[PDB]
Amino acid sequence: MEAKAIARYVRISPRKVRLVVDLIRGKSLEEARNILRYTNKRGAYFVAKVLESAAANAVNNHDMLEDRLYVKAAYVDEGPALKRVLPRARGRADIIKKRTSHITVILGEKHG
Amino acid sequence: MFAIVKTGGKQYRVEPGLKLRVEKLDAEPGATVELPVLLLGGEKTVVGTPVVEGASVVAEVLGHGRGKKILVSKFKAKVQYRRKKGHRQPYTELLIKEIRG
Amino acid sequence: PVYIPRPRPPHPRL
Amino acid sequence: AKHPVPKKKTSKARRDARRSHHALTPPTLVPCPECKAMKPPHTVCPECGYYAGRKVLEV
Amino acid sequence: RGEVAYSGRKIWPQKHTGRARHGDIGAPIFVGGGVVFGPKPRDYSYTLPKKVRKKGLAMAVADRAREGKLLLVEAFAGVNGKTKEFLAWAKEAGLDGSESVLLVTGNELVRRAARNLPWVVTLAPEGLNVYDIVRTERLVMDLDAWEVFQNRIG
Amino acid sequence: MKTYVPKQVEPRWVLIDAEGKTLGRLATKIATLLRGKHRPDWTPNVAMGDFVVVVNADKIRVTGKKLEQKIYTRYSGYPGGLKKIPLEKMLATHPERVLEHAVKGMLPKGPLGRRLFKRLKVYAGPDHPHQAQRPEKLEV
Amino acid sequence: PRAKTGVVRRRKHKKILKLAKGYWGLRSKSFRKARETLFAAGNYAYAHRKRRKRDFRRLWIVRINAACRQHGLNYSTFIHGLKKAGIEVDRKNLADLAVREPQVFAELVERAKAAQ
RNA sequence: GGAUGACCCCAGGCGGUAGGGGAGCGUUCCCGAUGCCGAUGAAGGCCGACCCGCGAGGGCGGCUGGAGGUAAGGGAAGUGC
RNA sequence: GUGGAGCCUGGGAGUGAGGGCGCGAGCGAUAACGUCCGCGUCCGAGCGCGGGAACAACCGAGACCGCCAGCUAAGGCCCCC
RNA sequence: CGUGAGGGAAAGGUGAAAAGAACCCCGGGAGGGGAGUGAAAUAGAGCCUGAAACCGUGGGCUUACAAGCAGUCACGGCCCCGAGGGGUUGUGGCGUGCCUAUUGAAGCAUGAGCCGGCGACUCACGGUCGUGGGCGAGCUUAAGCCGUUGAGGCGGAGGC
Ligand SMILES: [Mg+2]
Ligand SMILES: [Mg+2]
Ligand SMILES: [Mg+2]
Ligand SMILES: [Mg+2]
Ligand SMILES: [Mg+2]
Ligand SMILES: [Mg+2]
Ligand SMILES: [Mg+2]
Ligand SMILES: [Mg+2]
Ligand SMILES: [Mg+2]
Ligand SMILES: [Mg+2]
Ligand SMILES: [Mg+2]
Ligand SMILES: [Mg+2]
Ligand SMILES: [Mg+2]
Ligand SMILES: [Mg+2]
Ligand SMILES: [Mg+2]
Ligand SMILES: [Mg+2]
Ligand SMILES: [Mg+2]
Ligand SMILES: [Mg+2]
Ligand SMILES: [Mg+2]
Ligand SMILES: [Mg+2]
Ligand SMILES: [Mg+2]
Ligand SMILES: [Mg+2]
Ligand SMILES: [Mg+2]
Ligand SMILES: [Mg+2]
Ligand SMILES: [Mg+2]
Ligand SMILES: [Mg+2]
Ligand SMILES: [Mg+2]
Ligand SMILES: [Mg+2]
Ligand SMILES: [Mg+2]
Ligand SMILES: [Mg+2]
Ligand SMILES: [Mg+2]
Ligand SMILES: [Mg+2]
Ligand SMILES: [Mg+2]
Ligand SMILES: [Mg+2]
Ligand SMILES: [Mg+2]
Ligand SMILES: [Mg+2]
Ligand SMILES: [Mg+2]
Ligand SMILES: [Mg+2]
Ligand SMILES: [Mg+2]
Ligand SMILES: [Mg+2]
Ligand SMILES: [Mg+2]
Ligand SMILES: [Mg+2]
Ligand SMILES: [Mg+2]
Ligand SMILES: [Mg+2]
Ligand SMILES: [Mg+2]
Ligand SMILES: [Mg+2]
Ligand SMILES: [Mg+2]
Ligand SMILES: [Mg+2]
Ligand SMILES: [Mg+2]
Ligand SMILES: [Mg+2]
Ligand SMILES: [Mg+2]
Ligand SMILES: [Mg+2]
Ligand SMILES: [Mg+2]
Ligand SMILES: [Mg+2]
Ligand SMILES: [Mg+2]
Ligand SMILES: [Mg+2]
Ligand SMILES: [Mg+2]
Ligand SMILES: [Mg+2]
Ligand SMILES: [Mg+2]
Ligand SMILES: [Mg+2]
Ligand SMILES: [Mg+2]
Ligand SMILES: [Mg+2]
Ligand SMILES: [Mg+2]
Ligand SMILES: [Mg+2]
Ligand SMILES: [Mg+2]
Ligand SMILES: [Mg+2]
Ligand SMILES: [Mg+2]
Ligand SMILES: [Mg+2]
Ligand SMILES: [Mg+2]
Ligand SMILES: [Mg+2]
Ligand SMILES: [Mg+2]
Ligand SMILES: [Mg+2]
Ligand SMILES: [Mg+2]
Ligand SMILES: [Mg+2]
Ligand SMILES: [Mg+2]
Ligand SMILES: [Mg+2]
Ligand SMILES: [Mg+2]
Ligand SMILES: [Mg+2]
Ligand SMILES: [Mg+2]
Ligand SMILES: [Mg+2]
Ligand SMILES: [Mg+2]
Ligand SMILES: [Mg+2]
Ligand SMILES: [Mg+2]
Ligand SMILES: [Mg+2]
Ligand SMILES: [Mg+2]
Ligand SMILES: [Mg+2]
Ligand SMILES: [Mg+2]
Ligand SMILES: [Mg+2]
Ligand SMILES: [Mg+2]
Ligand SMILES: [Mg+2]
Ligand SMILES: [Mg+2]
Ligand SMILES: [Mg+2]
Ligand SMILES: [Mg+2]
Ligand SMILES: [Mg+2]
Ligand SMILES: [Mg+2]
Ligand SMILES: [Mg+2]
Ligand SMILES: [Mg+2]
Ligand SMILES: [Mg+2]
Ligand SMILES: [Mg+2]
Ligand SMILES: [Mg+2]
Ligand SMILES: [Mg+2]
Ligand SMILES: [Mg+2]
Ligand SMILES: [Mg+2]
Ligand SMILES: [Mg+2]
Ligand SMILES: [Mg+2]
Ligand SMILES: [Mg+2]
Ligand SMILES: [Mg+2]
Ligand SMILES: [Mg+2]
Ligand SMILES: [Mg+2]
Ligand SMILES: [Mg+2]
Ligand SMILES: [Mg+2]
Ligand SMILES: [Mg+2]
Ligand SMILES: [Mg+2]
Ligand SMILES: [Mg+2]
Ligand SMILES: [Mg+2]
Ligand SMILES: [Mg+2]
Ligand SMILES: [Mg+2]
Ligand SMILES: [Mg+2]
Ligand SMILES: [Mg+2]
Ligand SMILES: [Mg+2]
Ligand SMILES: [Mg+2]
Ligand SMILES: [Mg+2]
Ligand SMILES: [Mg+2]
Ligand SMILES: [Mg+2]
Ligand SMILES: [Mg+2]
Ligand SMILES: [Mg+2]
Ligand SMILES: [Mg+2]
Ligand SMILES: [Mg+2]
Ligand SMILES: [Mg+2]
Ligand SMILES: [Mg+2]
Ligand SMILES: [Mg+2]
Ligand SMILES: [Mg+2]
Ligand SMILES: [Mg+2]
Ligand SMILES: [Mg+2]
Ligand SMILES: [Mg+2]
Ligand SMILES: [Mg+2]
Ligand SMILES: [Mg+2]
Ligand SMILES: [Mg+2]
Ligand SMILES: [Mg+2]
Ligand SMILES: [Mg+2]
Ligand SMILES: [Mg+2]
Ligand SMILES: [Mg+2]
Ligand SMILES: [Mg+2]
Ligand SMILES: [Mg+2]
Ligand SMILES: [Mg+2]
Ligand SMILES: [Mg+2]
Ligand SMILES: [Mg+2]
Ligand SMILES: [Mg+2]
Ligand SMILES: [Mg+2]
Ligand SMILES: [Mg+2]
Ligand SMILES: [Mg+2]
Ligand SMILES: [Mg+2]
Ligand SMILES: [Mg+2]
Ligand SMILES: [Mg+2]
Ligand SMILES: [Mg+2]
Ligand SMILES: [Mg+2]
Ligand SMILES: [Mg+2]
Ligand SMILES: [Mg+2]
Ligand SMILES: [Mg+2]
Ligand SMILES: [Mg+2]
Ligand SMILES: [Mg+2]
Ligand SMILES: [Mg+2]
Ligand SMILES: [Zn+2]
């Protein structure tokens, strides 16, 4: 029995959020909460929301127990990039990519 | 008790009951053929100079085949020379029945 | 990019 | 200068090998003596405002 | 590349831009540009020798005779325009509709009866061709139309 | 049939007195034992030759004016750091290295050959510490 | 009628790439670099089919030489004796015998020593 | 050899750039087709250590897909990166 | 002397920047990885193979495919080999 | 976009039917998880199929004394599928990318970041050979005219 959440089209750079998701993979829900609370990273706010949402799904929809939840799987896929124009010298336009992440968190029940 | 036989221009050490693939022989399957003995060993020792006279290796023809396909590829640079060739060596599969002698 | 920055002049190899 | 430039594109193996030192180290945490909540050492607890055994600020 | 809607402007200078040299965007190297040797309207027809089509018409009719597949009818009895009239007739001739038939007759009423049968091509004698003869498994002609075929290969 | 390929054998230790032997003519024989090419089951892609213990390497012998004239070289990587040392000096300071250098230069380069060098144990003087391995003296 | 590329170039590219499985970086992912790798690979295969025959014979000769020295002679003495003895047992089998049947190799030395 | 590719035997040739010549494969389209394959699954996709072919390719099977496809034999080209 | 010999008529070419080597000369300085002719040869196109440490044209030798079989060529046989 | 004359794009497809997802849960929202619709929802509107480059998670094998156009040949080890086969690669052997241009390139000469799609020897009329047929001291019609409506015929002017 597993419970998942996906935050899609978060306007953040995948490479940046992954560092934050790497702190929590295979942690219990309590450890992942404490970790995320004191991580000095924008991406922690977005991860916390996906974590809690998946946990609510575990308790509410899938008959799982909040005390036995751990992050069985978690990964950040990249979504469509927002392309924007950056003006440079001598009249050139650079194209900035404001990248996008789909954030997934999957929780299992750690029996024992 | 083994024999060193010659078939297909190659030499093979064979004992009673040994399945072997040699070059393709011209015999229907099931039929039996005798192979030339260059050396008997194991219990006695008989050294042919080259072929032992009385000796003979009985072999039964299980079947004939085509080995897995070697790709024979040829390339020459700066000259647009390329050749692709699929090769499957025909073979014959023998079961060594008895070493006559 | 309808504007092309003109290339730098070559080092004079005379 | 004369505008140095990457001579070759960096392989997936070399790109990621450089990131071999890029993992976050998790935050240093200790439980608060009063309310038993995990919090970084040497800071006032943000869940009860207790430090050095006494209430220091409202939360 | 000259029938295409674009302008004949050089899109950027010949030299010193770091890009490939180009002319106008109608060159067939461009997406949306011209087509190099695409089709234009053509006249596929040609004057095949008269003797050759005269002979082929004669030969094609001969082929169906050499398999006993040609049938001359004096007239089409009770066939006055209705399909089921022509079917009824086709019965009493061994034309049960398991073989493709070329019906060749000047009788406007009879052609109209048979035009809709899927196994019947219909034809006036003036239009006896070898494609339609070969297209079909057996042939059926007016003795009036057999006279017309005997003229056209004389 | 396939060509036999040997299962891993336990190796055999040997022992050589290098007194009055000729440096290069002994090195080829040591090189061969280390390659195992004296064994009918020799296999090129595995380390299966002999462990070779040499003694009295201080008393290796050499013909001609090689003591004065043979020069060993070492380059440190620094400007000017080509060091030249003559055999005389090497036998006076690190005599185990004269043989060591000659056999090493006669082994194959690459991983396997580098392992084979580790199986050679040259000492100066008549004594060696490998009595636990109970080595078998040779006559070369 | 227009005949657009369609499915052909892709199926052709997959044939190559499937042959390139196991290659390094783009040499297994990029159709172009895969094909270049396969030019070199196909010539190496041809070349090493030739070299295999010489590799193994050269191994066989080494193993034969070693078994010969145990009985007192070197390889070149032994081969000559078998020629003069008329023995035609090839090097693939002299090697198997040298290692699996040292009593049969033993007599093979004696027939060679005695044939000079 | 048998009697004009109907297969077999023996012998010889078979490195190749510019280039000449021969025979094939595959793509789109037409006739064949008022046919035939098709929701008991079309084309396309993804696998395959299997079958045929010297090869280009062709099958066959499993997953995907969900409405087309198209034979033997010929015909014509916007035909293979 | 029956040879991927030769002759005749006709269709289609490409080439018209050659290079190294041996020998004969000229030019050069009895210099050049020089230059220009002649005879021959290889590379070109045999940057396929063995030898020459490595290396188009030096020596050996003309790769249709397969073999964990045998004989040799140049060159080699103390160890790397 | 250009003062202007003028230049000049990209962008099609849910499903048979909106039945276009009530209501509940996390969430500021976006998004998601259930429920429900549907034959099908990785057909959910960022919608048919959904390739490749590219990015990621998980698993098997592997690697921190090793010299490399990245392969290939051999053997061994481990994992998988059931006298065999597939994956991986430790050691040993051998090994100078592709294309272009050149007398000669791995070449430190040219082009190419990578992938997908577009992308270059054709048509007309005349000629000259060759070739499959028809007719043969003859062969052949053009434009038109008639007929058909994917039917063919007539037309001898003219040409060779
Ligand atoms: Mg931190
Ligand atoms: Mg909760
Ligand atoms: Mg600026
Ligand atoms: Mg700026
Ligand atoms: Mg850019
Ligand atoms: Mg960008
Ligand atoms: Mg992005
Ligand atoms: Mg075989
Ligand atoms: Mg090959
Ligand atoms: Mg090749
Ligand atoms: Mg070549
Ligand atoms: Mg190349
Ligand atoms: Mg090359
Ligand atoms: Mg060339
Ligand atoms: Mg080429
Ligand atoms: Mg080329
Ligand atoms: Mg090429
Ligand atoms: Mg081939
Ligand atoms: Mg530009
Ligand atoms: Mg510039
Ligand atoms: Mg500066
Ligand atoms: Mg500067
Ligand atoms: Mg400055
Ligand atoms: Mg600086
Ligand atoms: Mg700069
Ligand atoms: Mg990676
Ligand atoms: Mg790096
Ligand atoms: Mg960094
Ligand atoms: Mg890290
Ligand atoms: Mg504490
Ligand atoms: Mg144009
Ligand atoms: Mg125009
Ligand atoms: Mg225009
Ligand atoms: Mg316009
Ligand atoms: Mg316009
Ligand atoms: Mg214009
Ligand atoms: Mg213009
Ligand atoms: Mg230019
Ligand atoms: Mg330019
Ligand atoms: Mg550039
Ligand atoms: Mg460009
Ligand atoms: Mg550019
Ligand atoms: Mg331009
Ligand atoms: Mg252009
Ligand atoms: Mg242009
Ligand atoms: Mg122009
Ligand atoms: Mg257009
Ligand atoms: Mg357009
Ligand atoms: Mg054109
Ligand atoms: Mg025409
Ligand atoms: Mg009808
Ligand atoms: Mg009809
Ligand atoms: Mg019909
Ligand atoms: Mg000695
Ligand atoms: Mg070894
Ligand atoms: Mg001296
Ligand atoms: Mg195309
Ligand atoms: Mg691999
Ligand atoms: Mg590999
Ligand atoms: Mg890769
Ligand atoms: Mg990589
Ligand atoms: Mg691949
Ligand atoms: Mg790969
Ligand atoms: Mg890839
Ligand atoms: Mg080979
Ligand atoms: Mg050989
Ligand atoms: Mg040996
Ligand atoms: Mg001999
Ligand atoms: Mg012999
Ligand atoms: Mg044994
Ligand atoms: Mg021939
Ligand atoms: Mg050829
Ligand atoms: Mg075709
Ligand atoms: Mg179409
Ligand atoms: Mg037709
Ligand atoms: Mg139809
Ligand atoms: Mg049906
Ligand atoms: Mg159905
Ligand atoms: Mg199905
Ligand atoms: Mg198709
Ligand atoms: Mg189609
Ligand atoms: Mg297929
Ligand atoms: Mg399918
Ligand atoms: Mg339809
Ligand atoms: Mg069709
Ligand atoms: Mg066809
Ligand atoms: Mg057309
Ligand atoms: Mg085209
Ligand atoms: Mg010839
Ligand atoms: Mg000729
Ligand atoms: Mg031609
Ligand atoms: Mg021609
Ligand atoms: Mg020319
Ligand atoms: Mg000229
Ligand atoms: Mg000239
Ligand atoms: Mg000249
Ligand atoms: Mg000349
Ligand atoms: Mg010159
Ligand atoms: Mg010369
Ligand atoms: Mg001379
Ligand atoms: Mg002269
Ligand atoms: Mg030279
Ligand atoms: Mg000279
Ligand atoms: Mg000269
Ligand atoms: Mg010459
Ligand atoms: Mg050339
Ligand atoms: Mg040569
Ligand atoms: Mg030649
Ligand atoms: Mg070469
Ligand atoms: Mg070279
Ligand atoms: Mg050479
Ligand atoms: Mg060489
Ligand atoms: Mg050379
Ligand atoms: Mg050469
Ligand atoms: Mg040849
Ligand atoms: Mg020999
Ligand atoms: Mg010799
Ligand atoms: Mg040796
Ligand atoms: Mg403006
Ligand atoms: Mg304006
Ligand atoms: Mg729709
Ligand atoms: Mg619709
Ligand atoms: Mg439907
Ligand atoms: Mg609607
Ligand atoms: Mg709420
Ligand atoms: Mg929502
Ligand atoms: Mg959720
Ligand atoms: Mg929802
Ligand atoms: Mg169904
Ligand atoms: Mg799907
Ligand atoms: Mg679907
Ligand atoms: Mg649909
Ligand atoms: Mg889709
Ligand atoms: Mg998608
Ligand atoms: Mg996908
Ligand atoms: Mg991974
Ligand atoms: Mg070391
Ligand atoms: Mg290690
Ligand atoms: Mg290398
Ligand atoms: Mg081996
Ligand atoms: Mg296995
Ligand atoms: Mg393996
Ligand atoms: Mg290796
Ligand atoms: Mg290429
Ligand atoms: Mg050039
Ligand atoms: Mg040049
Ligand atoms: Mg290079
Ligand atoms: Mg380059
Ligand atoms: Mg380079
Ligand atoms: Mg340059
Ligand atoms: Mg140039
Ligand atoms: Mg180029
Ligand atoms: Mg670029
Ligand atoms: Mg790439
Ligand atoms: Mg492409
Ligand atoms: Mg043409
Ligand atoms: Mg055209
Ligand atoms: Mg013509
Ligand atoms: Mg003609
Ligand atoms: Mg005619
Ligand atoms: Mg005639
Ligand atoms: Mg006429
Ligand atoms: Zn507290």
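Those protein sequence lines, which keep their order, are chains 1W, 1V, 1z, 15, 1F, 1N and 1U. Residues in the first sequence are numbered consecutively from 1, following the entry's author numbering. Residues in the second sequence are numbered consecutively from 1, following the entry's author numbering. Residues in the third sequence are numbered consecutively from 5, following the entry's author numbering. Residues in the fourth sequence are numbered consecutively from 2, following the entry's author numbering. Residues in the fifth sequence are numbered consecutively from 54, following the entry's author numbering. Residues in the sixth sequence are numbered consecutively from 1, following the entry's author numbering. Residues in the seventh sequence are numbered consecutively from 2, following the entry's author numbering. No residue lacks a Cβ here, since even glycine has one placed at the ideal position from N, Cα and C.
How about residue i and residue j: are their beta carbons less than 8 angstroms apart?
i: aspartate 58 (chain 1N); j: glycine 125 (chain 1N); result: yes
i: residue 119 (chain 1U); j: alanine 113 (chain 1U); result: Lying before the first or after the last residue shown, residue 119 (chain 1U) is absent from chain 1U, which here runs from 2 to 117.
i: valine 61 (chain 1V); j: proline 29 (chain 1V); result: yes
i: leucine 15 (chain 1N); j: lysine 137 (chain 1N); result: yes
i: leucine 107 (chain 1W); j: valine 71 (chain 1W); result: yes
i: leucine 20 (chain 1U); j: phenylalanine 32 (chain 1U); result: no
i: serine 53 (chain 1W); j: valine 76 (chain 1W); result: no
i: residue 268 (chain 1F); j: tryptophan 142 (chain 1F); result: Shown here, chain 1F extends from 54 to 207; a query on residue 268 (chain 1F) therefore has no answer.
i: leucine 26 (chain 1N); j: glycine 49 (chain 1N); result: no
**Q.** Interfacial residues, the region 78–95 of chain 1W to chain 1z, with Cβ spacing under 8 angstroms
**A.** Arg90, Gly91, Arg92 and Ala93
Query raised in the report: Counting by C-beta, which residues lie closer than 6 angstroms to a heavy atom of ligand 2, in chain order?
Result: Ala55 (chain 1W), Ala56 (chain 1W), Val59 (chain 1W) and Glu66 (chain 1W)
Check your understanding: Taking any Cβ of chain 1W, which residues in the region 11–26 of chain 15 have a Cβ under 8 angstroms from it, in chain order?
Key -> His23, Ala24 and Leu25
Is the region 22–29 of chain 15 in contact with the region 16–32 of chain 1W, if contact means three or more CB pairs nearer than 8 angstroms? yes
query: According to a CB-to-CB cut-off of less than 7 angstroms, which residues of the region 88–102 of chain 1N neighbour chain 1U?
result: none
- request: With a floor of 3 residues, list each beta strand (DSSP E) that falls wholly inside the region 29–116 of chain 1U, ordered by position along the chain.
  value: none
Discussion item. Check whether the region 15–25 of chain 1V and the region 32–44 of chain 1W touch, using three or more Cβ-Cβ pairs below 8 angstroms as the test.
Written reply: no
Could you check whether the region 55–68 of chain 1W touches the region 7–15 of chain 1V, counting it as contact only if at least three pairs of C-beta atoms, one from each stretch, sit closer than 8 angstroms?
no
- Task: Could you please tell me which residues of the region 23–55 of chain 1U, in chain order, have their CB closer than 9 angstroms to any CB of chain 1V?
- Result: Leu39, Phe40, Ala41, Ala42, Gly43, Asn44, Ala46, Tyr47 and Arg50
With three or more C-beta pairs closer than 8 angstroms as the rule, is the region 47–54 of chain 1V touching the region 78–96 of chain 1U?
yes
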